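# Topology and contacts: notes
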Amino acid sequence: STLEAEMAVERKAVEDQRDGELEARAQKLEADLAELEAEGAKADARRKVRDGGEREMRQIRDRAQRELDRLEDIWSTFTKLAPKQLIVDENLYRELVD
């Protein structure tokens, strides 16, 4: 119970900054699009800032995602921990060491 409790406390460090980065770049590049609509600018250039912004949202969000599935994967292998279980990864193993 304390394992899943402070595991969930670890998931607070997952979810809070996991959302904080996407809100950070979201306010950053959407505010950048807000200043982009000030002058006379071609709309397709703002669509290029939009597409690069989608690369930032999906890219940073997928960096968050591999941390979600890797980090929860640590907890899964802990809940699936038993002897004679052959483990290869050696970094996940360090994630069991620390």
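Residues numbered from 1 in each chain as written, not as in the entry; some residues may be left out. Part of a larger assembly, values for the part shown. Heavy atoms only, no water. Residues with missing side-chain atoms left out of burial classes, pairs and counts.

### Some thoughts on the side chain of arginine 11
The line we're drawing: Think of it this way: any DSSP run of H or I at least four residues long counts as a helix, any run of E at least two long counts as a strand, and we number them from the N terminus. Buried, partly exposed and exposed residues are distinguished by accessible area as a fraction of the type maximum, computed with a 1.4 Å probe on protein chains only: under 20%, between the cut-offs, and over 50%, respectively. Whether two residues are in contact is decided by their heavy atoms, any of which lying within 4.5 Å being enough.
Its place among the elements puts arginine 11 in helix α1 (residues 2-36). Judged by its relative accessible area of 17%, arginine 11 is buried. Apart from the residues lying within four places of it in its own chain, the contact partners of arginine 11 are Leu68, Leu71 and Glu72.

### Some words on the UniProt feature "coiled-coil region" (unreviewed entry) in the protein chain
This is how the line gets drawn: UniProt positions are given in the numbering used here, feature names are shortened, and annotations may be inferred rather than shown by experiment.
As annotated by UniProt and renumbered to match this structure, "coiled-coil region" (unreviewed entry) occupies residues 19-74. Secondary structure over residues 19-74 splits into 89% helix and 0% strand, and the C-alpha atoms at its two ends are 21 Å apart.

### Looking at the layout of surface pockets
Note the threshold: As defined here, a cavity is a set of points on a 1 Å grid over the protein atoms alone where a 1.4 Å probe fits but cannot get out. A pocket is an open set with protein on both sides within 12 Å along at least five of seven lines, and residues line them when an atom is within 4 Å of a point. Grid points are joined across faces, edges and corners, and a volume is the space filled by probe spheres set on the points. Amino acid classes used here: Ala, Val, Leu, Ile, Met, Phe, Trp, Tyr, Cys and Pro are nonpolar; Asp, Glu, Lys and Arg are charged; the rest, including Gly, are polar.
Roughly 190 Å³ of volume is contained in the largest pocket. Secondary-structure elements contributing two or more residues to the lining of the largest pocket are α1, α2 (43-79) and α3 (92-97). Sort the elements by how many residues they give to the lining of the largest pocket and α1 lands first, with five residues. A class-by-class count of the residues in the lining of the largest pocket yields seven nonpolar, one polar and four charged.

### Details of the pattern of salt bridges
Where we set the bar: Each salt bridge in this description consists of a side-chain nitrogen of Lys or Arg and a carboxyl oxygen of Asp or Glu lying within 4 Å of one another.
What the rule picks out here adds up to eight salt bridges. The closest approach of N and O atoms between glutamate 95 and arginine 70, which form a salt bridge, is 2.4 Å. Here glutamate 95, found in helix α3, pairs with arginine 70, found in helix α2; they are 25 residues apart in sequence, far enough to count as distant. Look at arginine 70 and you get partly exposed, because its relative accessible area is 37%. The salt bridge partner of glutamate 90 is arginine 94, with a shortest N-O separation of 4.0 Å. Taking relative accessible area as the criterion, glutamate 90 reaches 49% and is therefore assigned partly exposed. On the basis of relative accessibility, which here comes to 45%, the residue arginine 94 falls in the partly exposed class. Residues joined by salt bridges that share partners form a network here, namely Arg11, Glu15, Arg18, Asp19 and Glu72.

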